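A short worksheet on the structure shown next.
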Ligand SMILES: Nc1ncnc2c1ncn2[C@@H]1O[C@H](COP(=O)(O)OP(=O)(O)O)[C@@H](O)[C@H]1O
Ligand SMILES: Nc1ncnc2c1ncn2[C@@H]1O[C@H](COP(=O)(O)OP(=O)(O)O)[C@@H](O)[C@H]1O
Ligand SMILES: Nc1ncnc2c1ncn2[C@@H]1O[C@H](COP(=O)(O)OP(=O)(O)O)[C@@H](O)[C@H]1O
Ligand SMILES: C[S@](=O)(CC[C@H](N)C(=O)O)=NP(=O)(O)O
Ligand SMILES: C[S@](=O)(CC[C@H](N)C(=O)O)=NP(=O)(O)O
Ligand SMILES: C[S@](=O)(CC[C@H](N)C(=O)O)=NP(=O)(O)O
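Residue numbers (the entry's author numbering), protein chains in the order written: chain O, 3 to 444; chain H, 3 to 444; chain A, 3 to 444.
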């Protein structure tokens, strides 16, 4: 743990002229408040209020006042605000003025369900994500447009890769913030890039994910580009999906490692699988909270459409990397980077360890092309489709209780009313698709 | 009736020059062909054949060849500027290479189910439809714009209803084609138009419907405006429905008319409703065979939203016009003018005739305005909500096996497939609404 | 030879910041992935993998996860990567996750055929390339226009060769990267360029080739010019193909130099050419693997048109440069820079190592201008005619089962699929040519 006092003098060895307290709203969006180095004790002693009412996902305007308490380990300095004022960073948890924490804080609802594996013995919850992102050219307005940075491809090179000089500026801006970056490259769709790093403690891997998305964006609008974490911005091309590499640690040993099994996977991992897969239909409404996230979960674009799993195969809902070692992990790939990392982790922790506790037995590893299977030749194998509309997936989540009770009373009730009414805008609205399709033939 | 010896007489009488053989495809699309008056006798020998694989939903390409047998009762000369190109049409029944009526021919389907009221004792099946349509301007190159001629409202007056020479010229041309016209006016939303005509038996009111769209499609395009029967071409204004006013007749009798029961309504009628009411869930993919009509089917714009009935009231599924007697009608507002009036009539007959052989005890009249209740108030009565989408409205249909038997087994087999892919063709696509709300946001 | 101890040294000596792991897909398309020096150990431990399903022609999606084993004798720093993000490269080999190598990987297909020359006693199957490219200007939005920056001819000078300082800044950039470069000059057709570099043993020239292209694409786009290797980009002017200057060696002695035989040429030398002459029809699908290069193979433009050889003459399929000694070389000419430098060598090795176990008494020099002979004489001497299209070269390929074996089999069946697709995706399409010559005509 970082100290409170040596943080006060952390600003004098680097003359930090501002600190940015930052937390996260219900929809995954990073809100912020900036304060000078002048107010540093006023925040470290937890006396910084705000207006709760206007942050979508919090209390009503009657009980508006809400305080902010910093997590003194999430101290980095913003490397690009040299020369103006060296700007630090600190992540906060949201507290009601009763000094009772807020059960609607997205970072509390993981800070609590990470203690249920405490009651049953595991060291850590290791998340290494793969947040994929597209990049679009800007204009004279510097207001983004739907023309991608290159008509490139998977692993292709300059001249065909025009973010080669951009990703590289993004990775060295992230590494200056104390990361360990695995690789950098261009994904299979045009303008689609992927920067993956090394796994971390569940919450400090989640904190690190809200870091990444802010660096990828500010350092692109510095390259003439704009970075989108929208899952399916085009038709008929790979979507951007934030893979979920999960692995529990236990006393300096990967909980998933069976040293001399055939699939070298402990029967902990095997009842971990049946956890999410049983519950897959419920919780994905959370892990893909935008209507468009389903417009991406279609057959053919390396995205999963059916609830299943296999080994080193990129069709199913979960993939097992053929390399395990101490990096042994199972790859839930039905996560896209519009969900809340704090909330996808909490949900999938619960309904995931619910499979070892209940000891659920795991279904068949479907080792072929899941997209190449008849409507009725996969219906004999029991595997069935992931829900197609947000209305459908919200019904099958609200139905589910095991994940509904790790979503908090205040978050779920504040969530489905936001996802439904977001979806009614859709169902009521007519798009220019429908004009094209009908207006002249009828 | 009309003998073959009339048609020749009328040709050499009215001096027609070319003959058209119209029929209607699976989706509602009147498709015809031209022959000289030198062919007049050959078509009446019913020895004139077209490409069967080439009209949607009819047949496959290995049994392409299919015959056209005209209906001499339909003869009407086309009255536009054709002195030398004077026309004459005849709506065709479709037959096989073995002369048996074609299962797919929807003109056959209507008549087929019509013989199911010849055994419940009813002379006719009258239908007075209200096909409401929109008027759009045309560009310099005669392509449909997205502006509408005027910005008037219900019943408005010149100079704020541009289509007042338009409908004038629409109505007159119809009055030449054997029509008797009731009225011509402006509807709720701007550039919308209602033209009404006296009821007729189905296979002749619907022939007065397929004739209607054409002679508004063309006469409106003679005033330089393209006309649509798209349900809701603009979000936030009344989708144009095509109200379905019907009546069964009994030895010169309006079989819904007995001036005693609760409203001066009969029992063959009070029973009819419970058939619709019960089977209404399962016939909305036929009354509304398009993704877009489910966008008129949000409430507030005088369209049906839930499955209940009332009097004098334009909010429910079925309104009953106060005027009664011969004017005693059952008004069904769920149909919109994209639908197939040979499949729509065929189906509702087998919904409501399933309510004279059981009569199924109709539910309560909600004389409120049903748009103004709550999810706890709909459930208080227990009123069925019309389905969500072309998605549900497709599964809700392959349940009602009395309705499936109103389309036939080869018309339903070529109507689920043609909507399934058309439904899938929208489910997968990404339309601009998805990028506005998310691209610059996530 | 270089050791993994040497590369831990240079990264801290050069102070490089990223390592790029590179390979080639089936089509000659370079695909590489960038990683920090912070992961220099994981690749030298071979513990870095990728997605095989996305490398065009590597594998199919069910068994994707595949390893990356790096080659150290391939290490070079990039020189254009300032002191801010300096870059070191390493060409790799592909290993299936079970640590067995990949039969579809082209680099090891060569290694296996270069072992077929250890059974015949040959230290080196040396190769010198002549990749010829075009230069197209760049528009305002960095898009390669249809203008050639210069309108010159052979060996011309400033000011009638724009890319004079271009071919300078490439050479230096090549010269920083351990290259030995012969000659930098303007080629025949306008806006054409050649850069000759001295030979190296096959797998290291194939490295030096795919590398050399990357250095001209990226440098040419510094001066803002698209660098392309399309064989016949313009019709009616010289095609830019990649000559193949090959020579065998045994104990520091060229195996083709014996100043007794008629042309100062050896026996294995003369014998080699029969191994190509007959087999030439077969591999002309691997040396010209594109629709476009079969318009280059036409007569007139100093490119092989029929299968023939001769001395100091630049019409035939094989040229033999007058200069002999250690520069005693055989010049194959069908190849275009769109061919796979790994496939071509293992093809031509097994092709021309077939003329040393069989040797087929190679035919005699038609040292005429074979560009100027009518059909009455081409089948007089019996000179085989080259295939006329991709689709012809393919059927001509699946018969010489030794070239087929030269390719392995995975590469082969992965090859016939896509080119038959490519050949068929061009057989069926319609291009504005046929629209001029027939539309207003017929
Ligand atoms: N034991 C583990 N638990 C969780 N995540 C891991 C583990 N080992 C590796 N990872 C993560 O897997 C990710 C690999 O990224 P990438 O190479 O894009 O995956 P893929 O092989 O699916 O393409 C990294 O983010 C890394 O942190
Ligand atoms: N007895 C009847 N049976 C069936 N349809 C009828 C009957 N009387 C009138 N109609 C139809 O009602 C239509 C007129 O409807 P409209 O004036 O729009 O009434 P509303 O405004 O109540 O819908 C006419 O087209 C006519 O054919
Ligand atoms: N003995 C040899 N073995 C292999 N390659 C050779 C030999 N001699 C020359 N080369 C190659 O020939 C190339 C020079 O080609 P170039 O100068 O264009 O000759 P030409 O103009 O006759 O084609 C060099 O790239 C070199 O690698
Ligand atoms: C090549 S991809 O394999 C693409 C997967 C897809 N874009 C998605 O996850 O949505 N995934 P990864 O980065 O793990 O290799
Ligand atoms: C009030 S309206 O009823 C307009 C109908 C509405 N736009 C609909 O068809 O959904 N039609 P009409 O007055 O002729 O009965
Ligand atoms: C006689 S030329 O040979 C002209 C090149 C020709 N257009 C070709 O197809 O290679 N080239 P080079 O002198 O490099 O051998």
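Every residue, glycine too, gets a C-beta built ideally from N, C-alpha and C.
Check, Outcome
"Straight-line gap, residue 60 of chain H to residue 406 of chain H (C-alpha atoms, nearest Å)", "17 angstroms"
"Heavy atom of ligand 1 within 7 angstroms of residue 278 of chain O beta-carbon", "no"
"Chain O within 8 angstroms of residue 441 of chain H, Cβ atoms only", "yes"
"Chain O within 8 angstroms of residue 73 of chain A, Cβ atoms only", "no"
"Minimum Cβ-Cβ distance from residue 28 of chain O to chain A less than 8 angstroms", "no"
"Interface flag, residue 340 of chain H vs chain O, CB-CB below 8 angstroms", "yes"
"Alpha-carbon to alpha-carbon, residue 162 of chain H and residue 221 of chain O", "55 angstroms"
"Contacts that residue 294 of chain H makes with chain O (C-beta to C-beta distance below 8 angstroms)", "432, 436, 439 and 440"
"Every unbroken alpha helix (DSSP H) inside the segment 80-151 of chain H [4 residues or more]", "108-116"
"Any 3 or more C-beta pairs closer than 8 angstroms across the segment 406-423 of chain H and the segment 263-282 of chain O", "no"
"CA-to-CA distance, residue 25 of chain A to residue 278 of chain A, given in whole angstroms", "28 angstroms"
"Residue 211 of chain A versus A/241, A/245 and A/225, residue with shortest Cα-Cα distance", "A/245"
"Residue 290 of chain H beta carbon near ligand 5 (any heavy atom closer than 7 angstroms)", "no"
"Nearest-angstrom Cα separation, counted from residue 249 of chain O out to residue 204 of chain O", "10 angstroms"
"Any 3 or more C-beta pairs closer than 8 angstroms across the segment 295-303 of chain A and the segment 229-247 of chain A", "yes"
"Below-8 angstroms beta-carbon distance, residue 444 of chain O vs any chain H residue", "yes"
"N-terminal and C-terminal residue of the beta strand (DSSP E) that residue 35 of chain A is part of", "32-38"
"Three-state secondary structure assigned by DSSP to residue 416 of chain O", "helix"
"Proximity to residue 333 of chain O [Cα-Cα], best of O/321, O/341 and O/325", "O/321"
"Residues bridged to residue 322 of chain A (per DSSP)", "A/313"
"Closer than 7 angstroms: residue 343 of chain A CB and nearest ligand 7 heavy atom", "With respect to ligand 7, the structure offers nothing, as its ligand set consists of ligand 1, ligand 2, ligand 3, ligand 4, ligand 5 and ligand 6."
"Same chain, Cβ closer than 8 angstroms to residue 85 of chain O, neighbours up to 5 away in sequence not counted", "none"
"Residues of the segment 308-330 of chain H whose Cβ lies closer than 7 angstroms to any Cβ of chain O, in chain order", "none"
"Under 8 angstroms by beta carbon: chain O residues contacting residue 300 of chain H", "429 and 430"
"Contact belief for residue 236 of chain O with residue 139 of chain O at Cβ below 8 angstroms, rounded distance in angstroms", "Between residue 139 of chain O and residue 236 of chain O the Cβ distance is about 14 angstroms, and since that is not below 8 angstroms, they are no contact."
"Sequence-distant residues of the same chain with beta carbon closer than 8 angstroms to residue 401 of chain O, five excluded per side", "284"
"Check: residue 330 of chain O C-beta below 7 angstroms from any heavy atom of ligand 1", "yes"
"Proximity to residue 47 of chain A [Cα-Cα], best of A/16, A/94, A/80 and A/57", "A/94"
"Rounded Cβ spacing between residue 74 of chain O and residue 6 of chain O (contact assumed at less than 8 angstroms)", "6 angstroms"
"Residues near residue 411 of chain A by beta carbon distance below 8 angstroms, same chain, minus five either side", "105"
"Alpha-carbon to alpha-carbon, residue 376 of chain H and residue 430 of chain O", "18 angstroms"
"Where residue 351 of chain A falls: helix, strand or coil (DSSP)", "helix"
"Rounded separation between residue 232 of chain H and residue 181 of chain O - CA only", "56 angstroms"
"Residue 279 of chain O, enclosing alpha helix (DSSP H) - first and last residue", "269-289"
"Reduced DSSP secondary structure (H/G/I, E/B, other) of residue 446 of chain H", "Absent from the model: residue 446 of chain H. The displayed extent of chain H is 3 to 444, so no value can be given."
"Residue span of the beta strand (DSSP E) that contains residue 230 of chain H, given as start and end", "227-230"
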